[PDB]
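Handing you this structure, nothing more for now.
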Amino acid sequence: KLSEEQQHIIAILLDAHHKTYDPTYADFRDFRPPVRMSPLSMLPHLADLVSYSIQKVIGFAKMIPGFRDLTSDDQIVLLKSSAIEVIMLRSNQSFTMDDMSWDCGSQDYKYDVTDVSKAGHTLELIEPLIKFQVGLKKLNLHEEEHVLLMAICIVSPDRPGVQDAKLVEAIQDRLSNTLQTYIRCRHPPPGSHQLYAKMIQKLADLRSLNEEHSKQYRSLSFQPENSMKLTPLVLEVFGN
Ligand SMILES: C=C1/C(=C\C=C2/CCC[C@]3(C)[C@@H]([C@H](C)[C@H](CCO)CCCC)CC[C@@H]23)C[C@@H](O)C[C@@H]1O
């Protein structure tokens, strides 16, 4: 029941992801060396992982079918607000339930609760984050489903600052209606049960994680000594 345009959207976003995500995580070796002893001894390293990811989320965003049609300003608005949610999403791909940590190959680049807490974030935001990571992992989404959710997360009309929300909406609907149809045809039961409703619910959780983030970030940035460990990209994107 899938059209060729939808088949096209799937081919695009999958390739677009493969271009923006490295399963070897070889680039992780360029980041500032991680230190586990230790006040914020991980902010330097993880600050680079985030900023690296932000770049890769932008490249993925550009390849979003129809995203180019948006006005330069809206594109600035969507990514500035989705960047963090998209990161938390694309992170799930390396998240494991075996020990509740992000595993990116070597134990050196394996991140757990104490590493995120050692980056300047309390358990108040880490707890709901890991919960989100588990619930999103339980879904066992297909890669086709994974890549769509990320895109739909990018082009959201209700993002604060959006002007051409209707056109932003026309694009999200086209992607969304692609996800719905895919789950019907391509995703067999029981794993297909309410699969869509559960994916949309995760975007509602990200709005929450994002809201507690941009908040807990302003307090992490109040000290020019912490905002001195970040990268120019992280500062420019997560507000100054
Ligand atoms: C960044 C990624 C990866 C893992 C993500 C992590 C592990 C370390 C800690 C990170 C950077 C978290 C970071 C401390 C968060 C944002 C701070 O600006 C903490 C707030 C939680 C909402 C978010 C994603 C986490 C690896 C791979 O899946 C690629 C992906 O882009």
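Numbers here mean position along the shown chain, with the first residue as 1.
Determined by X-ray crystallography, 3.0 Å, according to the entry header.
For all residues, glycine too, the Cβ spot is worked out from N, Cα and C.
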Tell me which range among 5-23, 62-80, 81-99, 157-175 Swiss-Prot lists as region 'Interaction with coactivator LXXLL motif'.
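Within the set 5-23, 62-80, 81-99, 157-175, Swiss-Prot attaches region 'Interaction with coactivator LXXLL motif' to 62-80.
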For the feature motif '9aaTAD' as recorded in Swiss-Prot, pick the matching range from 25-33, 133-141, 178-186, 232-240.
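Motif '9aaTAD', as annotated by Swiss-Prot, spans 232-240.
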Return the residues near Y21 (calcitriol binding site) by Cβ distance under 8 Å, restricted to its own chain and a separation of at least 6 in sequence.
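Counting only residues 6 or more apart in sequence, the Cβ neighbours of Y21 (calcitriol binding site) under 8 Å are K56, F60, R90, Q93.
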Scan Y21, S53, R90 for binding-site residues whose C-beta lands under 6 Å from an atom of ligand 1 and note them, or write none.
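Result: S53, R90.
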Do any residues at least six apart in sequence from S94 (calcitriol binding site), in the same chain, have a Cβ closer than 8 Å to its Cβ, and if so which, in order?
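Set apart from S94 (calcitriol binding site) by at least 6 residues yet with Cβ under 8 Å, we have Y25, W102, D103, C104.
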How many of the residues that make up the motif '9aaTAD' (232-240) does DSSP mark as helix, as strand and as coil?
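Breakdown, helix to coil: 6 helix, 0 strand, 3 coil.
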If you draw a 10 Å sphere around the Cβ of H121 (calcitriol binding site), how many other Cβ atoms fall inside it, taking every protein chain shown into account?
20
